[PDB]
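Every residue, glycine among them, receives a Cβ derived from its backbone with ideal geometry; neighbour counts consider all protein chains shown. Readers should treat all values here as calculations from the given coordinates under stated rules, not as data from a laboratory.
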Ligand SMILES: [Ca+2]
């Protein structure tokens, strides 16, 4: 119920990646697996 994901408030990519919360609703694949930009997380379009 408290996901850190890289630092205490970031993004975990299903490719297997810690990157930063910018990428969440940024609208690029960014993750390369496009985790954030599938609406399991957000998807800016
Ligand atoms: Ca993104």
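Would you pick out the residues in the stretch 7-25 that are in a loop (DSSP other than H, G, I, E, B) and surrounded by fewer than 16 Cβ atoms within 10 Å (Cβ to Cβ)?
The answer is 9, 14, 15, 16, 20, 25.
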**Request:** Could you give me the residue pairs with C-beta distances under 7 Å whose first residue belongs to the stretch 25-37 and is in contact (Cβ under 8 Å) with a residue 24 or more places away in the chain, whose second residue is more than 6 Å from the ligand (Cβ to nearest atom) wherever it lies, and which are 6+ apart or on separate chains?
**Result:** 35/13; 35/14; 35/41; 36/11; 36/24; 36/25; 36/42
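Going by the conditions given, is residue 30 within 10 Å of the ligand (Cβ to nearest atom), in contact with a helix residue (DSSP H, G or I) (Cβ under 6 Å, 6 or more places away or on another chain) and part of a loop (DSSP other than H, G, I, E, B)?
Working: within 10 Å of the ligand (Cβ to nearest atom): yes; in contact with a helix residue (DSSP H, G or I) (Cβ under 6 Å, 6 or more places away or on another chain): yes; part of a loop (DSSP other than H, G, I, E, B): yes.
Yes; evaluated as a whole, the condition is true for this residue.
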